[PDB]
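Single chain ahead, by itself, as structure tokens, in the form deposited in one PDB entry.
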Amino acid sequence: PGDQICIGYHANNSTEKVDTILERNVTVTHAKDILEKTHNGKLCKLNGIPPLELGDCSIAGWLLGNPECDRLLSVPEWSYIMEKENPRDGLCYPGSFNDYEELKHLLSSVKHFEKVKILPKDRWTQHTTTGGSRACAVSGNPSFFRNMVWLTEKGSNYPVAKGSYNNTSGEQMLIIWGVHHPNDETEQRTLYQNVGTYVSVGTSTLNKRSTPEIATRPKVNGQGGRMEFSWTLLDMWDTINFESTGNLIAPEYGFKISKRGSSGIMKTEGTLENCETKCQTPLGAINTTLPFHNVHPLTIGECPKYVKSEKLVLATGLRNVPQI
């Protein structure tokens, strides 16, 4: 029996397993897990920029100025917006908000507003502007959405109410207005004096109008009346004209779009923690170099790609075969 040389391959203590088309549960010498499965369970700043935490406020509650949302009257630039599934503080005086989901979608490309006092309340010299409701009470007295103006009768008269604003602000501006639909004729008379009224809004492109509807409805927050809100994005250098014989809920402000970019509304019951991330999910932040994750499909930031997989492991080494 002479000198010998033998050809062979590496084995080790690895218990790493992979699947193939032909065979499942194969032990290999080396493998690469390419799926991130972990997150930190926290809502964080995104690249150092905090989200806008609405708390118990809805998007409508914020922009109208529900008095329960006063912390939000001036807010800095945000990276995403946190909204609860069913926020308590929205339309405190009950009603509706036309094209509300379109407005929320707009917010996915906006990172900051500058609130501009476009129609200062003191200029309504022919109408009462202090009107409020117990539905919006503050410290036990009637009040109202902070950003809006409830025009009512003055000296027992309501002349045609006309206001206009030319957007010279340098960017497109979000403007909201409403029409009050009273419960009954007493309400209409005591508030407006006039009957058969309308609210007209007109820009270069929009012409929307309303005749207020008097009708008995179930009480919501104490009120059978409703306020129906609408909105528009007023282009640079365009003018908006409001004209009404009664029932106008006028904006005092507009929200100039002051920063644009990728953002979004995250649905969460949680609160911001003192943490930093490049990738935020509703369940928590991800910090990984891996190319895939299975944490949640709705992520904001510089994220890995989401898959439903429970495992994604690539073989790199060879079949790990028991020694002889």
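We number the residues from 1 along the sequence you see. In this text, the rigid core denotes the largest set of C-alpha atoms whose superposition between the two forms falls within 1.5 Å.
The following text describes the form deposited in another entry, which does not appear among the structures shown.
In the core-aligned comparison between this form and the one not shown, the C-alpha of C279 is the only one from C279, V28, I59, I257 that shifts by 2 Å or more.
Relative to the superposed rigid core, the position of the CA of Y93 differs between this form and the one not shown by less than 2 Å. If you fit the rigid core between this form and the one not shown, you'll see the Cα of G140 move by less than 2 angstroms. The Cα shift for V307 between this form and the one not shown, taken after rigid core superposition, is 2 angstroms or larger. Between the C-alpha atoms of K162 and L73, a gap widened by no less than 3 Å is obtained in the other entry, as opposed to the form on display. If you compare C-alpha positions, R134 and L73 are 3 angstroms or more farther apart in the other entry than in the form on display.
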